[PDB]
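J.: Please find one structure pasted underneath; my questions will follow.
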Amino acid sequence: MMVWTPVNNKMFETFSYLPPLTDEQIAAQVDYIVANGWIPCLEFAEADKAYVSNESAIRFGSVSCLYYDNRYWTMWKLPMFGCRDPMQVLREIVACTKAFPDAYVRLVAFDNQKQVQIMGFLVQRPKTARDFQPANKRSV
Amino acid sequence: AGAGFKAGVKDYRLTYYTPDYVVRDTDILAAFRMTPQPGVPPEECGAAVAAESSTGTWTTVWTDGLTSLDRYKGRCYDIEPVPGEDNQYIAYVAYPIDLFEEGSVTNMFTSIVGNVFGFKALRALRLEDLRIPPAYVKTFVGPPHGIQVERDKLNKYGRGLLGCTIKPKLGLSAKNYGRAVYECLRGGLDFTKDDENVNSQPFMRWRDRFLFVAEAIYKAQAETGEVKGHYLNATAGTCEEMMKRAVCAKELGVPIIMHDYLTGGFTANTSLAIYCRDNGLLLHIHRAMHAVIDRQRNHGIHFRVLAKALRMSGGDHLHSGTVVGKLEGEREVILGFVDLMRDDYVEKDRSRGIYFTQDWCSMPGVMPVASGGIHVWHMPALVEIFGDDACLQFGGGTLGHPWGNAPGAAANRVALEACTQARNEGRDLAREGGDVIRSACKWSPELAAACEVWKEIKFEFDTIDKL
Amino acid sequence: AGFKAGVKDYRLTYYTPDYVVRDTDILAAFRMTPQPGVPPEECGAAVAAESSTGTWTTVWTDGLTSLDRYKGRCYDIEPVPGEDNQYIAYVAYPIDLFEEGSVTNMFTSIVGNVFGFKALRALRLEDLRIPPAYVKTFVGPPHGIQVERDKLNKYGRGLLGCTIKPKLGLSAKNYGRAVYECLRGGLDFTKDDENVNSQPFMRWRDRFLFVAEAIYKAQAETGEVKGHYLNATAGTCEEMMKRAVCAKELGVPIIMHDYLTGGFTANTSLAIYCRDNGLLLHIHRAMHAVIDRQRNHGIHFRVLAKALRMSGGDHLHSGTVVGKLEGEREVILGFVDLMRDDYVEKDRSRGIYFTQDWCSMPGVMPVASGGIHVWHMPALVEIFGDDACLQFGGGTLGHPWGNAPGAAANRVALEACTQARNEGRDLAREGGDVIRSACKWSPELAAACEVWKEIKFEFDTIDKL
Amino acid sequence: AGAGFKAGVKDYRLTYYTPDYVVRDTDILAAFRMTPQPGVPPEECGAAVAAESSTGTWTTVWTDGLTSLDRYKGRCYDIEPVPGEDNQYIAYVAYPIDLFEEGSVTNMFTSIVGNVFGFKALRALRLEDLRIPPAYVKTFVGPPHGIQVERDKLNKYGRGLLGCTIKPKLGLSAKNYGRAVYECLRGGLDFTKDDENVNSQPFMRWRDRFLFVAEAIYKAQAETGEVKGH
Amino acid sequence: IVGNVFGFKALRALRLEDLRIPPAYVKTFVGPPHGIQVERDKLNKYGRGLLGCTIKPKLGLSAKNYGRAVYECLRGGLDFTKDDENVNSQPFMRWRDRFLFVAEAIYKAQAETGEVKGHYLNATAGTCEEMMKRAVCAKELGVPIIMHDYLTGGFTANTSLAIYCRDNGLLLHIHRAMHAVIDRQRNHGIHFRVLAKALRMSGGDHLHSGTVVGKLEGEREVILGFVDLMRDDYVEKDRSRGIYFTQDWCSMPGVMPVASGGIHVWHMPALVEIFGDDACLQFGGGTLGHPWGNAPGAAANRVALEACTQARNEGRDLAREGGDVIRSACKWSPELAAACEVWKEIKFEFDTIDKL
Ligand SMILES: O=C(O)[C@@](O)(COP(=O)(O)O)[C@H](O)[C@H](O)COP(=O)(O)O
Ligand SMILES: O=C(O)[C@@](O)(COP(=O)(O)O)[C@H](O)[C@H](O)COP(=O)(O)O
Ligand SMILES: O=C(O)[C@@](O)(COP(=O)(O)O)[C@H](O)[C@H](O)COP(=O)(O)O
Ligand SMILES: [Mg+2]
Ligand SMILES: [Mg+2]
Ligand SMILES: [Mg+2]
Ligand SMILES: [Mg+2]
């Protein structure tokens with residue numbers, strides 16, 4: 001029996017339980033976005049704004065149900081409307097991560113018919129992050 | 001003298017069988033699978049169903065003359081014979097929108113399925129489908145949030161949601177409930193839930209459970225950095241108790257409650273759905289009792305109608321069946337009503353049991369929930385059947401893991417993410433599914449332990465509810 | 001005994017043929033049809049497990065509690081005579097499993113998921129033994145038969161009612177017009193049709209007001225207490241309560257609720273309101289035949305009737321035997337006793353699988369309704385006796401001379417049959433004579449007798465014992 | 001690359017004039033009598049009206065791409081010249097039912113007549129008619145009773161109803177108001193009424209009036225044997 | 001005053017131009033929940049016009065996307081954003097979902113910038129009961145400001161809301177939707193200056209006043225007239241500005257004028273010159289139509305406003321040097337330069353219907 005560690009084992013929604021995505025695996029996800037006609041976009045946050053928190057609820061009456069701070073991140077430029085070239089998305093990942101080397105950065109895609117985000121996963125975490133385990137140290 | 005009052009009994013078909021009627025776009029339409037008694041013509045049987053679910057009774061009444069029966073009567077406008085059946089017919093009935101109370105699923109059911117199923121003149125009757133027109137759909141508050149808003153509130157995109165019913169069904173203390181909840185959530189499940197029959201009982205009172213569960217949700221959320229929830233059961237004996245339980249969830253600031261809509265009922269359910277809308281709570285709907293009504297091919301109400309009724313009454317989630325699990329539901333049948341639950345516009349398609357084109361006129365979609373007898377090996381099939389817009393629940397499939405709840409949750413979460421990744425890369429889950437899982441069990445020790453325990457476990461039986 | 005992960009047979013834990021049932025246990029009798037290759041013991045054990053504590057695979061958490069204490073137990077399996085693949089499986093549920101005062105919770109456990117299991121082809125709940133210790137947790141009927149008779153000051157005969165027709169399409173004013181004319185002729189009650197709630201053609205509050213005028217007019221005219229079951233059935237509990245409050249504020253005697261389409265949670269709420277405000281509650285069983293018609297699958301009405309008595313209702317529709325809707329004599333006699341009586345012994349010839357002790361919970365008045373007319377009167381009086389309401393919708397509003405003569409005809413027929421019974425006449429044998437003598441004496445009754453003389457409803461019974 | 005965001009001002013007609021659009025039975029339709037400024041084509045004027053009462057503003061916004069403008073936009077689908085007029089047109093606009101809050105006349109007016117009447121590019125604008133579809137009508141509670149129920153409650157049939165506004169409009173005391181009301185009702189009128197501007201004022205407070213009027217209604221009703229109201 | 005007389009057969013047209021509301025009648029009104037001074041004091045904002053922005057497209061955005069656009073607008077330098085007048089509660093976006101996501105956006109932008117932020121959440125509704133529910137949610141979320149469409153909602157509802165806002169410390173932004181149905185034509189209707197006085201009495205902290213230079217009509221001298229009537233304590237008769245009566249407001253709080261509709265960076269000098277600091281300037285298309293997105297669009301508008309304000313404070317005449325001021329700013333700021341490039345040639349110049 002292995003024990004799932006509760007210490008420094010923070011996750012990041014979709015794909016965070018798999019081995020970290022290789023560049024080839026990231027490019028395959030981007031192909032998926034383009035093949036389906038979805039709208040790619042990049043979002044980023046500094047470390048203190050990366051995970052869901054409760055601080056604003058100090059101002060509330062009894063209305064905190066499904067309110068969390070840090071769900072919104074910051075938009076990198078604009079969503080790439082009409083983009084059909086995967087290489088263009090990959091170049092924006094590079095540009096975003098270069099401008100904000102110490103930020104969390106996630107790639108998302110939007111469906112304008114459902115009007116919802118249809119995909120998303122982390123593409124960068126700051127090198128100073130120490131609140132996550134590598135896949136082989138998640139259970140002891 | 002014109003037409004006057006003549007006392008006495010006449011055939012229903014003289015008034016209620018109208019084969020040349022052109023249906024109106026505001027009419028509610030019903031498709032009844034009808035088995036008449038020997039010596040009862042199908043036309044008379046369909047007319048009877050139409051009459052006794054709208055305006056008519058067994059003998060002529062004088063009061064008809066004070067109103068306009070033409071304006072109000074239900075109309076059997078078409079009868080199809082059933083292929084393969086000697087004595088089965090599909091009777092189509094049209095009901096004027098005027099017959100129904102705005103916003104009341106209760107009233108719609110009371111007319112359409114109130115008395116006609118007990119008539120001596122028929123041997124069996126099944127309601128297969130309803131066409132709910134936009135003009136009536138627009139009278140309903142509908143689901144408190146819907147699929148898009150739920151995903152947006154939870155900040156969860158790109159994969160199926162993962163859930164888990166706490167087991168044993170009954171008999172756990174409040175503290176042990178919260179203990180199990182925390183260990184499930186912290187391992188990678190998005191949700192856990194009260195079992196449908198967990199309300200308030202001598203072994204565990206509801207408010208004790210809500211508090212310990214709140215502690216568990218917040219602990220797992222802090223630990224993982226992901227939004228967590230537990231469907232706290234508001235199902236109760238009275239509306240007043242139901243509401244007290246909802247109010248406590250609100251005051252704890254937790255995301256989600258649940259209701260058993262058939263055993264609690266449509267009147268209570270609609271009330272709760274309005275409450276959840278006004279207070280920002282997600283509402284998970286359990287379909288307990290549905291199979292009493294919906295299992296048999298010859299008599300009852302098909303689940304697709306019970307699903308439409310829930311979407312109108314209000315619910316953010318509704319259980320849909322698994323195809324591959326311990327409870328019955330055929331692939332094509334399920335795919336049909338999943339579309340009716342989620343989509344805005346669904347065209348007639350008899351190969352999936354859809355008898356009418358259904359326009360939902362922008363009423364929010366309801367998230368289907370696949371639950372019951374499913375485990376890691378089922379994951380590729382589930383993802384292939386439902387896509388991302390579904391919750392997949394693993395009760396026994398998490399709490400039955402050899403290493404406990406957190407490893408059990410991580411096994412399920414790894415399996416889902418592996419399949420989601422594989423699909424996104426262009427792999428065919430219908431054929432390559434076993435390969436995706438085997439590669440994953442080889443990589444993840446948690447998943448391997450799950451794969452080994454349940455490798456030979458299948459649920460394959462003759463289907464009762466065939467199209 | 002440690003935790004061993006994996007699937008094992010349900011019967012290893014949940015089939016207990018040597019279990020001695022406790023007097024506090026809830027007992028269930030399930031008519032069960034297993035799939036080929038599934039032993040009856042395993043199928044019965046699956047039903048017991050999945051309606052109580054168990055799931056499809058072994059869970060570690062069992063060890064934290066006492067499964068012995070909480071598990072439902074299949075303790076007996078009877079083969080069904082005449083059936084190759086049907087069995088009666090008897091399951092015992094500890095009283096600890098259930099929420100006090102909640103019919104909703106009882107149903108959620110007992111009939112929640114098990115009917116959809118792949119491993120069975122069909123399942124029907126035939127009966128439930130509700131023990132006194134559980135009965136006592138329920139408020140129950142707002143009033144019951146004795147108190148209802150006492151408040152209405154009506155004794156010595158069946159009550160007479162009538163559903164206003166056409167079902168839908170009448171204006172509020174025309175509704176009260178029909179109601180006045182019915183009540184003034186001899187009927188004790190009239191009623192909203194089950195599906196009369198609030199609609200474009202007639203809004204509920206308009207109807208409530210005009211109906212109140214009609215009740216009070218007919219009461220003043222006849223010198224007898226009158227009522228009309230005003231339908232509180234609604235889309236939401238809040239709307240339901242608004243309609244009950246208006247009834248209270250008008251001082252009228254009685255409201256109705258469609259307990260199955262409204263639901264048990266709403267119904268229990270309404271019954272408590274009625275208790276606390278002195279309103280009689282008439283319960284319409286709309287939708288029941290969706291659930292209870294077929295012999296092989298569903299829930300028999302006797303269980304739905306027990307559930308209503310617990311949830312709360314002063315009247316409940318019972319069937320007619322002789323009218324347009326199905327219900328066999330012996331079946332109906334069985335659950336009428338279950339609805340009215342304090343103690344009903346096991347009797348399989350009437351479909352009573354368990355001795356039922358109601359521990360002083362008030363009885364519910366059976367209502368015979370649907371396709372009945374004057375010629376049925378002797379049979380109805382003979383089947384039900386005095387403690388019943390007999391309802392004639394079409395049989396009153398279908399009279400050639402209108403509502404008041406129609407009501408008079410039904411009232412004369414009832415009183416003639418009642419008097420005959422009291423004098424020692426056998427209604428089963430002499431019923432036709434009693435009615436013929438009455439049609440000869442009463443011109444109103446004669447008109448009714450003439451119109452419906454040849455009208456019978458005789459068909460093959462689906463729901464056979 | 002497909003349809004992306006291009007910043008800047010373009011003609012409204014490129015998006016909002018759709019003369020080939022087939023209206024849906026759930027659409028709210030509007031008939032606007034439109035007088036454009038010199039140099040503004042009627043098509044552009046109708047499109048502006050359609051845009052600025054539905055989804056659009058004066059310059060292109062990027063956020064359009066997150067939703068479906070095809071689904072939500074108002075559509076000027078037909079323009080008729082007005083006979084007798086050199087510079088008047090009837091512009092027909094269709095609005096998807098999704099644009100409107102259920103049961104709210106306030107919201108319907110806010111969209112359809114909210115801003116467009118003040119646009120510099122038009123000289124005059126008149127909303128002539130609206131097609132309210134059944135699917136939207138059904139979202140409204142509507143009239144408390146209506147003609148049939150009113151007649152039934154009052155027990156009055158076979159003739160028009162007779163009413164009368166109390167005069168002078170303002171300046172009568174509550175007691176004098178009831179005195180005038182009684183004398184009107186007792187002579188054969190079904191109703192009397194407060195003048196529109198009689199609310200609550202220094203010469204006559206509302207509750208004083210309501211009580212004296214109640215006395216008057218009941219006196220006239222007893223005297224005549226006919227239901228009276230005020 | 002306007003009940004029946006406009007329909008009389010004996011007249012061909014009638015227009016109410018002005019009303020003299022005496023102090024003895026003014027004093028009977030609760031009036032605006034806060035007023036200009038209190039609003040500035042609660043927001044801690046002084047020395048410049050306030051900057052706002054209507055979210056676009058008008059209708060069709062989901063609650064999540066609404067908050068997303070709001071966060072990006074606010075974080076770039078705008079003080080406020082707002083629901084469009086017709087954004088109430090609809091199938092595409094239900095009000096309570098919007099209120100919650102907008103709250104997240106306000107608090108994120110406020111934390112990020114260190115400046116107080118708000119978003120006018122629309123309380124306009126079909127019934128007084130629904131209107132109040134929405135006001136109550138805003139109160140419980142701790143947010144600064146809501147809005148109401150006083151003419152389409154109506155005066156009875158508006159006065160109720162204003163009293164609620166006074167008792168609960170919410171700022172109340174008033175949108176004048178429908179006013180031009182009433183006030184556009186010179187020969188018939190009611191002039192906006194009367195509708196403005198009525199609003200000051202009924203209660204509102206902000207009221208839209210027109211732009212002079214934007215897409216909706218309103219002449220400079222006309223607007224200057226009623227802006228004084230909205231803000232000042234005492235306004236003398238002046239027929240050259242359409243003021244027919246001397247108006248004494250007897251210390252009733254002033255209402256902040258809101259300039260909105262088809263305005264962009266090049267209008268900034270003119271707007272600052274016309275209104276001065278006690279105004280809110282709103283840029284919907286002028287922010288969400290920026291080629292670089294909402295935050296840069298907001299930053300462009302904020303830079304422009306501050307540049308003009310600084311110039312004015314230094315003694316420069318914005319009426320003649322305004323062009324120079326903006327050009328120096330477009331040269332200095334890339335965000336601004338992008339805005340300047342896009343809307344350079346865009347003007348709204350038509351013959352005026354509502355002349356004095
Ligand atoms: O009580 C149960 O059996 C479950 O908790 C599943 O347990 P497991 O996860 O351990 O199987 C669910 O309620 C059923 O799936 C409901 O069936 P359906 O979805 O068809 O309504
Ligand atoms: O809708 C009807 O048909 C009735 O109003 C009877 O009308 P008539 O008197 O004209 O037949 C009753 O509701 C049914 O009898 C209900 O059936 P049950 O009592 O079996 O539940
Ligand atoms: O709907 C609109 O057009 C606006 O949101 C402006 O949008 P833009 O910023 O994109 O122009 C405002 O409501 C109008 O300015 C109202 O006009 P007024 O202030 O004259 O009442
Ligand atoms: Mg369960
Ligand atoms: Mg009925
Ligand atoms: Mg008047
Ligand atoms: Mg606007």
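Convention: chains lettered A, B, ... in structure tokens order; per-chain residue numbering from 1; ligands numbered from 1 as shown.
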With ligand 6 as the partner and 9 Å as the cut-off, tabulate the residues of chain D that qualify, each row holding the nearest pair of atoms and their distance in Å to one decimal, using only C-alpha atoms and all ligand atoms, sorted by chain and rising number, as a Markdown table.
T.:
```
| residue | atom | partner | partner_atom_place_in_ligand_line | distance |
| --- | --- | --- | --- | --- |
| D:165 | CA | ligand 6 | 1 (Mg) | 6.2 |
| D:166 | CA | ligand 6 | 1 (Mg) | 8.3 |
| D:167 | CA | ligand 6 | 1 (Mg) | 8.7 |
| D:169 | CA | ligand 6 | 1 (Mg) | 6.9 |
| D:193 | CA | ligand 6 | 1 (Mg) | 8.4 |
| D:194 | CA | ligand 6 | 1 (Mg) | 7.4 |
| D:195 | CA | ligand 6 | 1 (Mg) | 4.0 |
| D:196 | CA | ligand 6 | 1 (Mg) | 4.7 |
| D:197 | CA | ligand 6 | 1 (Mg) | 7.0 |
| D:198 | CA | ligand 6 | 1 (Mg) | 8.6 |
```
J.: Can you tell me which residues come within 9 Å of ligand 4 when counting only C-alpha atoms and all ligand atoms, ideally as a PyMOL selection string?
T.: (chain B and resi 165-167+169+193-198+286+288+371-372+395) or (chain C and resi 50+55+112-113)
J.: Restrict the distance test to only C-alpha atoms, flag each residue of chain C within 8 Å of chain D, and return the flagged residues as a PyMOL selection string.
T.: chain C and resi 172-173+206
J.: Could you name the residues that touch stretch 11-22 of chain D at 6 Å or less, counting only C-alpha atoms, but leaving out those on the same chain fewer than 4 positions away, as an MDAnalysis selection string?
T.: chainID D and resid 44 47:48 75:78
J.: Extract the full set of alpha helix (DSSP H) residues from stretch 201-324 of chain B according to DSSP on the backbone, and format it as a PyMOL selection string.
T.: chain B and resi 206-224+239-252+261-264+266-279+290-294+303-313
J.: Please extract the residues of stretch 172-290 of chain C with a backbone DSSP assignment of strand (DSSP E) and present them as a list in words.
T.: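 Filtering stretch 172-290 of chain C down to strand (DSSP E) leaves residues 189, 190, 191, 227, 228, 229, 230, 231, 254, 255, 256, 257, 258, 280, 281, 282, 283 and 284 of chain C.
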J.: For the residues in that selection, give me N, CA, C and O atoms as a PDB file, in the first residue's frame.
T.:
```
ATOM      1  N   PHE C 189     -70.390  16.748  -1.726  1.00  0.00           N
ATOM      2  CA  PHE C 189     -69.163  17.357  -2.226  1.00  0.00           C
ATOM      3  C   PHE C 189     -69.163  17.465  -3.747  1.00  0.00           C
ATOM      4  O   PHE C 189     -69.798  16.671  -4.443  1.00  0.00           O
ATOM      5  N   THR C 190     -68.433  18.444  -4.257  1.00  0.00           N
ATOM      6  CA  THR C 190     -67.991  18.419  -5.645  1.00  0.00           C
ATOM      7  C   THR C 190     -66.474  18.555  -5.604  1.00  0.00           C
ATOM      8  O   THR C 190     -65.895  18.690  -4.515  1.00  0.00           O
ATOM      9  N   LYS C 191     -65.819  18.491  -6.759  1.00  0.00           N
ATOM     10  CA  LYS C 191     -64.363  18.611  -6.773  1.00  0.00           C
ATOM     11  C   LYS C 191     -63.807  19.165  -8.067  1.00  0.00           C
ATOM     12  O   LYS C 191     -64.430  19.044  -9.122  1.00  0.00           O
ATOM     13  N   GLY C 227     -69.257  20.975   0.679  1.00  0.00           N
ATOM     14  CA  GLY C 227     -67.855  21.272   0.434  1.00  0.00           C
ATOM     15  C   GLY C 227     -67.517  21.028  -1.021  1.00  0.00           C
ATOM     16  O   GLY C 227     -68.264  20.375  -1.748  1.00  0.00           O
ATOM     17  N   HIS C 228     -66.380  21.555  -1.441  1.00  0.00           N
ATOM     18  CA  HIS C 228     -65.878  21.313  -2.770  1.00  0.00           C
ATOM     19  C   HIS C 228     -64.370  21.176  -2.640  1.00  0.00           C
ATOM     20  O   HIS C 228     -63.725  22.076  -2.105  1.00  0.00           O
ATOM     21  N   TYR C 229     -63.796  20.068  -3.107  1.00  0.00           N
ATOM     22  CA  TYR C 229     -62.344  19.897  -2.942  1.00  0.00           C
ATOM     23  C   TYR C 229     -61.622  20.870  -3.866  1.00  0.00           C
ATOM     24  O   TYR C 229     -61.537  20.644  -5.072  1.00  0.00           O
ATOM     25  N   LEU C 230     -61.126  21.965  -3.303  1.00  0.00           N
ATOM     26  CA  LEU C 230     -60.372  22.946  -4.080  1.00  0.00           C
ATOM     27  C   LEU C 230     -58.939  22.444  -4.216  1.00  0.00           C
ATOM     28  O   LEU C 230     -58.312  22.130  -3.217  1.00  0.00           O
ATOM     29  N   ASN C 231     -58.443  22.359  -5.449  1.00  0.00           N
ATOM     30  CA  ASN C 231     -57.137  21.765  -5.738  1.00  0.00           C
ATOM     31  C   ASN C 231     -55.972  22.698  -5.366  1.00  0.00           C
ATOM     32  O   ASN C 231     -55.809  23.770  -5.962  1.00  0.00           O
ATOM     33  N   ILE C 254     -62.665  21.942   2.784  1.00  0.00           N
ATOM     34  CA  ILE C 254     -61.852  20.878   2.193  1.00  0.00           C
ATOM     35  C   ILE C 254     -61.068  21.315   0.955  1.00  0.00           C
ATOM     36  O   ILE C 254     -61.576  22.058   0.101  1.00  0.00           O
ATOM     37  N   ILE C 255     -59.821  20.858   0.886  1.00  0.00           N
ATOM     38  CA  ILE C 255     -58.977  21.004  -0.289  1.00  0.00           C
ATOM     39  C   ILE C 255     -58.498  19.636  -0.788  1.00  0.00           C
ATOM     40  O   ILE C 255     -58.714  18.619  -0.125  1.00  0.00           O
ATOM     41  N   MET C 256     -57.883  19.608  -1.968  1.00  0.00           N
ATOM     42  CA  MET C 256     -57.318  18.368  -2.507  1.00  0.00           C
ATOM     43  C   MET C 256     -55.861  18.514  -2.938  1.00  0.00           C
ATOM     44  O   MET C 256     -55.372  19.618  -3.155  1.00  0.00           O
ATOM     45  N   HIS C 257     -55.182  17.385  -3.072  1.00  0.00           N
ATOM     46  CA  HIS C 257     -53.802  17.369  -3.554  1.00  0.00           C
ATOM     47  C   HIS C 257     -53.570  16.073  -4.320  1.00  0.00           C
ATOM     48  O   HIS C 257     -54.081  15.006  -3.937  1.00  0.00           O
ATOM     49  N   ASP C 258     -52.841  16.191  -5.426  1.00  0.00           N
ATOM     50  CA  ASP C 258     -52.446  15.043  -6.224  1.00  0.00           C
ATOM     51  C   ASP C 258     -51.107  14.602  -5.650  1.00  0.00           C
ATOM     52  O   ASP C 258     -50.056  15.138  -6.018  1.00  0.00           O
ATOM     53  N   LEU C 280     -59.975  19.707   5.813  1.00  0.00           N
ATOM     54  CA  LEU C 280     -59.956  18.338   5.315  1.00  0.00           C
ATOM     55  C   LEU C 280     -59.099  18.246   4.046  1.00  0.00           C
ATOM     56  O   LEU C 280     -59.075  19.182   3.236  1.00  0.00           O
ATOM     57  N   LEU C 281     -58.408  17.115   3.880  1.00  0.00           N
ATOM     58  CA  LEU C 281     -57.536  16.893   2.723  1.00  0.00           C
ATOM     59  C   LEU C 281     -57.921  15.672   1.889  1.00  0.00           C
ATOM     60  O   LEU C 281     -57.736  14.523   2.315  1.00  0.00           O
ATOM     61  N   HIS C 282     -58.441  15.939   0.696  1.00  0.00           N
ATOM     62  CA  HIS C 282     -58.784  14.889  -0.259  1.00  0.00           C
ATOM     63  C   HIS C 282     -57.588  14.593  -1.147  1.00  0.00           C
ATOM     64  O   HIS C 282     -57.016  15.503  -1.762  1.00  0.00           O
ATOM     65  N   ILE C 283     -57.213  13.318  -1.233  1.00  0.00           N
ATOM     66  CA  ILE C 283     -56.041  12.942  -2.011  1.00  0.00           C
ATOM     67  C   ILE C 283     -56.452  12.227  -3.293  1.00  0.00           C
ATOM     68  O   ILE C 283     -57.151  11.214  -3.245  1.00  0.00           O
ATOM     69  N   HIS C 284     -56.022  12.787  -4.421  1.00  0.00           N
ATOM     70  CA  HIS C 284     -56.186  12.177  -5.734  1.00  0.00           C
ATOM     71  C   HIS C 284     -54.903  11.449  -6.094  1.00  0.00           C
ATOM     72  O   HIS C 284     -53.800  11.986  -5.902  1.00  0.00           O
TER      73      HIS C 284
END
```
J.: Just to confirm, what's the straight-line distance from atom CA of residue B:268 to atom CA of residue C:265 in Å (one decimal)?
T.: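 It comes out at 6.2 Å.
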J.: Based on only C-alpha atoms, which of the residues in chain E come within 10 Å of chain B? I want them as a list in words.
T.: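 Applying the cut-off to the listed atoms yields residues 62, 63, 64, 65, 90, 91, 92, 93, 94, 95, 96, 97, 100, 101, 133, 134 and 137 of chain E.
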J.: How would the residues just chosen look if you wrote them out with C-alpha atoms as a PDB file, in the first residue's frame?
T.:
```
ATOM      1  CA  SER E  62     -22.030  34.814 -20.643  1.00  0.00           C
ATOM      2  CA  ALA E  63     -21.618  35.766 -16.961  1.00  0.00           C
ATOM      3  CA  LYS E  64     -18.034  34.384 -16.928  1.00  0.00           C
ATOM      4  CA  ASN E  65     -17.056  36.359 -20.034  1.00  0.00           C
ATOM      5  CA  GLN E  90     -31.597  36.817 -19.713  1.00  0.00           C
ATOM      6  CA  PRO E  91     -31.230  33.232 -21.055  1.00  0.00           C
ATOM      7  CA  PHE E  92     -27.602  33.945 -22.091  1.00  0.00           C
ATOM      8  CA  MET E  93     -26.678  35.411 -18.658  1.00  0.00           C
ATOM      9  CA  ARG E  94     -28.720  35.340 -15.455  1.00  0.00           C
ATOM     10  CA  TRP E  95     -28.300  38.261 -13.122  1.00  0.00           C
ATOM     11  CA  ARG E  96     -26.985  36.522 -10.013  1.00  0.00           C
ATOM     12  CA  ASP E  97     -24.279  34.700 -11.995  1.00  0.00           C
ATOM     13  CA  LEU E 100     -20.894  37.050  -8.558  1.00  0.00           C
ATOM     14  CA  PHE E 101     -18.341  36.977 -11.403  1.00  0.00           C
ATOM     15  CA  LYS E 133     -33.539  41.215  -4.688  1.00  0.00           C
ATOM     16  CA  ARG E 134     -30.777  42.427  -7.004  1.00  0.00           C
ATOM     17  CA  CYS E 137     -27.337  40.823  -3.517  1.00  0.00           C
TER      18      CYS E 137
END
```
J.: As a list in words, please: every protein or nucleic acid residue near ligand 5 (cut-off 9 Å, counting only C-alpha atoms and all ligand atoms).
T.: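 My answer, listing the contacting residues, is residues 52, 57, 114 and 115 of chain B; 163, 164, 165, 167, 191, 192, 193, 194, 195, 196, 284, 286, 369, 370 and 393 of chain C.
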J.: For a test of reading the model, state the distance in Å between atom CA of residue C:106 and atom CA of residue C:336, rounded to one decimal.
T.: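 Atom-to-atom, atom CA of residue C:106 to atom CA of residue C:336, that is 21.8 Å.
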J.: With only C-alpha atoms as the counted atoms, please give the residues lying no more than 7 Å from residue B:125, apart from itself and same-chain residues fewer than 3 positions off, as a PyMOL selection string.
T.: chain B and resi 32-35+117+298-300
J.: For stretch 72-79 of chain C, list every protein, DNA or RNA residue within 9 Å, evaluated using only C-alpha atoms, and leave out those in the same chain fewer than 4 positions away; present the list as a ChimeraX atom specification.
T.: /C:11,13-21,40-41,44-54,68,83-94,97
J.: Counting only C-alpha atoms, which residue out of B:46, B:133, B:8, B:74 sits closest to chain D?
T.: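 Distance minimum relative to chain D lands on B:133.
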J.: Could you list, as a ChimeraX atom specification, all the residues within 9 Å of ligand 3, counting only C-alpha atoms and all ligand atoms?
T.: /D:52-53,55-59,61,114-116,118-119 /E:52-58,82-86,175-180,207-211,214-218,258-264,282-289
